Amino acid sequence: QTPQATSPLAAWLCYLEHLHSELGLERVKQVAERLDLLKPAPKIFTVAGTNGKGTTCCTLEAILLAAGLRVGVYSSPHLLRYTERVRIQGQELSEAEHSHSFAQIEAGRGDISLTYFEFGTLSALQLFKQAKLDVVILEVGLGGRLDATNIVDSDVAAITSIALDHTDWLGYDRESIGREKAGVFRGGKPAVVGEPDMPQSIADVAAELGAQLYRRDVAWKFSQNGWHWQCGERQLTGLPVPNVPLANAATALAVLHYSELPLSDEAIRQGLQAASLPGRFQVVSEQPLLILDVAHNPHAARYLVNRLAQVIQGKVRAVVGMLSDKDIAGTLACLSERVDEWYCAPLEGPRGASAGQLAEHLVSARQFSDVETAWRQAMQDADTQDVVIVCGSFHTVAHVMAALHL
Ligand SMILES: Nc1ncnc2c1ncn2[C@@H]1O[C@H](COP(=O)(O)OP(=O)(O)NP(=O)(O)O)[C@@H](O)[C@H]1O
Ligand SMILES: N[C@@H](CCC(=O)O)C(=O)O
Ligand SMILES: [Mn+2]
């Protein structure tokens, strides 16, 4: 049975998780066109990148909300609830609102077939259209050029970082990754690049499209009390350090600058003081320090290792689970520079790695039945001066979050 407007959101998600799968955007665009969904707000920012999309978007959101605007954010993936994926004034909507919205997409599509993410994306656009917003922030699902979020013409587009989230493959490198991401840029519009080691293909695509390229360390830059953000001969000085990676706050300032939106000193500082997301180096407890971080590739792992070195005489204990298609070998080698004790767990279903698939990269790691069991063992073993880090995937962090009923 196809669910209805009044069915539980869980029924819609089961229907969408079975959507039988086809490359372009012509289908999703045609549905959007029918439901008049291509202009959710008069200002649209679209954010691509390997790591840093979510926290870049949340910094934009925090600043724009501090400035008194009505703001929507579309985000993915989610930790515990699908309702995390759409925020309006910083807050989630009801499950009922999502079920009604999906029903409208289902009726609106006719016999045009859509993927899970295309359906989610159209529903989000519809929820935003309805909410009378000034700005909509769209986090790219994957890539950008052919991502469902790319049906909307953005006012400013951004790439937060370039890194490899998957294993070696022919033709799969920073250049190929970059090229696909740069497909969110638009002719005549600012294209903000927050990656300091930018592949050439990003510049090639920006040139083909006629986008205006504004790169970190060329057009704008930042440093380090507080921190400083500069673009040409102008700067912001003594900014508060936010609880997101500074590169991504810097990318968000660049977006906001090139958008030409009017923003007070107060809005910028209050936003930076509020900006954070659950599961991005999130301290949940102390003595032992319990930190949750959704790092799942070597680039994020390097960031996570650098933060850990700033917070630990005590041991680092890592509770880890990953998906089987990640660069497991690389992520665990990077983490192993600072992890002293390993607690490995499987993730469920056909896409999860087993604890054995993780252990085979480590030396005499502990192996457990499931994440919660691994985590309770880690807490049980931890001394007061230890750090327990839960990482490797959303599923790992979320299993711990559900177990602490956060
Ligand atoms: N600029 C960055 N450089 C290094 N690591 C980063 C950077 N931005 C984010 N990370 C790390 O990447 C992880 C996720 O950040 P996030 O902002 O959620 O990225 P995302 O692109 O939305 N990916 P996801 O977490 O899978 O939704 C956390 O470990 C971050 O610390
Ligand atoms: N997986 C990324 C690209 C980066 C990568 O493949 O490593 C995406 O979201 O499109
Ligand atoms: Mn994300």
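Residues numbered from 1 in each chain as written, not as in the entry; some residues may be left out. Chains lettered and ligands numbered in written order. Heavy atoms only, no water. Residues with missing side-chain atoms left out of burial classes, pairs and counts.

Per the deposited record, the coordinates in this entry were obtained by X-ray crystallography to a resolution of 2.00 Å.

Now for the environment of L80. Tracing the sequence through the fold places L80 in the loop between β2 (71–74) and β3 (86–88). Spatially, the C-alpha atom of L80 lies 23 Å from that of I105, the residues being 25 residues apart in sequence. Ignoring anything within four residues of it in the chain, the contact list for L80 reads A398, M401, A402 and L406. (Helix = DSSP H or I, 4+ residues; strand = E, 2+ residues; numbered from the N terminus. Contact = heavy atoms within 4.5 Å.)

Those protein atoms acting as donors to the manganese ion (ligand 3) are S76 (O) and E139 (OE), and they sit at 2.0 to 2.2 Å. Here the residue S76 occupies a position in the loop between β2 and β3, and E139 occupies one in strand β5 (residues 135–139), the gap between them amounting to 63 residues. For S76, a relative accessible area of 9% gives the class buried. (Donors = N, O, S within 2.8 Å, 3.2 Å for Na, K, Ca; no water. Buried < 20%, exposed > 50% of the residue type's maximum accessible area, 1.4 Å probe, protein only.)

Taken together, 20 residues sit near ligand 1, with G52, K53, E139, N248 and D293 positioned nearest. Taking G52, its main chain carries an N or O atom lying 2.8 Å from an oxygen atom of ligand 1. Note that an oxygen atom of ligand 1 is positioned 2.8 Å from one of the side-chain N or O atoms of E139. Burial of ligand 1 by the protein chains amounts to 93% of its free accessible area of 610 Å². Mapped by element, the contributors of at least two residues to the shell around ligand 1 are α3 (53–66), α8 (246–259) and α10 (298–309). Residues that form the shell around ligand 1 fall into these classes: 7 nonpolar, 9 polar and 4 charged. When residues of the shell around ligand 1 are assigned to domains, at least three map to each of domain 1 (1–278) and domain 2 (279–406). (Near = heavy atom within 4 Å. Polar contact = N/O pair within 3.5 Å; in protein donor to acceptor, adjacent residues only side chain to side chain. Areas by Shrake-Rupley, 256 points an atom, 1.4 Å probe, with all protein chains shown as cover. Nonpolar A, V, L, I, M, F, W, Y, C, P; charged D, E, K, R; others polar. Domains from an automatic or database assignment.)

What follows covers the UniProt feature "binding site: Mn(2+)" (unreviewed entry) in the protein. As annotated in UniProt, the feature "binding site: Mn(2+)" (unreviewed entry) corresponds to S76 and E139 in the numbering used here. Taken together, the annotated residues stretch across 64 residues yet fold into one region, lying no more than 7.1 Å apart by C-alpha. Sequence-distant contacts of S76, that is, excluding residues within four places in its chain, are made with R85, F117, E139, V140 and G141. (UniProt positions renumbered as here; feature names shortened; annotations may be inferred.)

Turning to the packing of helix α4 (residues 95–108) against helix α5 (residues 116–130), a few remarks are in order. Between α4 and α5, the least distance of the axes is 9 Å, while the angle of their chain directions is 115°. Judged by the inter-axis angle, α4 sits roughly perpendicular to α5. Here α4 runs over α5; the crossing is right-handed. Side by side, α4 and α5 meet where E97, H98, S101, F102, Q104, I105 and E106 of the first sit next to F119, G120, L122, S123, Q126, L127 and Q130 of the second. Of the residues contributing to the contact of α4 with α5, the split by class is 5 nonpolar, 7 polar and 2 charged. (Axes fitted to C-alpha atoms, helices over the stretch in contact; angles between N-to-C directions. Parallel < 35°, antiparallel > 145°, perpendicular 65-115°, else oblique. Left-handed = near helix turned anticlockwise from the far one by under 90°.)

The environment of ligand 2 is made up of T50, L142, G143, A163, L164, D165, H166, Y172, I177 and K181. Residue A163 places a main-chain N or O atom 2.9 Å away from an oxygen atom belonging to ligand 2. The separation between an oxygen atom of ligand 2 and a polar main-chain atom of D165 is 2.3 Å. The protein chains hide 88% of the 280 Å² of surface that ligand 2 would expose on its own.

Below, the discussion takes up the environment of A365. Tracing the backbone shows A365 in the loop between α12 (355–359) and β16 (366–367). Each C-alpha atom of the pair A365 and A355 lies 9.3 Å from the other, and the pair is 10 residues apart in sequence. Contacts of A365, omitting those with residues within four sequence positions, involve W342, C344 and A359.

Moving on, we come to a negative patch on the surface. A cluster of acidic side chains, namely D173, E175, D204 and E208, defines a negative patch on the protein surface. Within the secondary structure layout, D173 lies in the loop between β6 (156–159) and α6 (174–181). Residue classification places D173 among the partly exposed positions, given a relative accessible area of 36%. (Patch = residues over 30% accessible without salt bridge, like charges linked within 9 Å, V, L, I, M, F, W, Y side chains within 5 Å. Salt bridge = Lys/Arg side-chain N within 4 Å of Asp/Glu carboxyl O. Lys, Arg positive; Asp, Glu negative; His and termini not counted. Charge placed at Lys NZ, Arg CZ, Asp CG, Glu CD.)

The next thing to look at is the sheet that holds strand β9 (residues 220–223). Read from one edge to the other, the open sheet built from 3 strands follows the order β9-β10-β11, with strand pairing classed as antiparallel. Two strands in the sheet have a free side with no partner beyond their single neighbour: β9 and β11 (234–239). On average, each strand axis in the sheet is tilted by 10° relative to the strand beside it, whichever way the strands run. Inspection of the sheet shows β9 paired to strand β10 (residues 227–231) by 4 bridges, in the antiparallel sense. From the neighbouring strand, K221 faces β10, where its bridge partner is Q230. Relative to the sheet, α8 contacts β9, β10 and β11, its axis offset from that of β10 by approximately 40°. Across the face of the sheet, helix α9 (residues 265–274) comes into contact with β10 and β11 while running at roughly 50° to β11. (Pairing = 2+ DSSP bridges.)

The subject of this paragraph is the pattern of salt bridges. A complete count under the given rule lists 17 salt bridges for this structure. For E106, the salt bridge identified is with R109, shortest N-O distance 3.0 Å. Across the pair, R109 and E106 agree in class, each one buried. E372 is the salt-bridge partner of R376, the closest N and O atoms lying 2.8 Å from each other. Within this pair, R376 and its partner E372 are both found in helix α13 (residues 371–381), separated by 4 residues, close to a single helical turn.

With that settled, the discussion passes to the nonpolar core. By size, the foremost hydrophobic cluster in this structure holds 36 residues, and its most contacted members are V86, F102, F119, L122, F128, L138 and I151. Looking at this core, the elements that each hand over two or more residues are α1 (9–17), α2 (26–34), β3, α4, α5 and β5. Among the elements that take part in this core, α5 stands out by supplying 7 residues, more than any other. When sequence neighbours within four positions are dropped, the list of residues in contact with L138 reads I44, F45, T46, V47, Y74, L125, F128, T149 and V152. Counting 35 residues, the second-largest nonpolar core is a separate cluster that includes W220, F222, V255 and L272. (Core = buried A, V, L, I, M, F, W, Y, C linked by side-chain atoms within 4.5 Å.)

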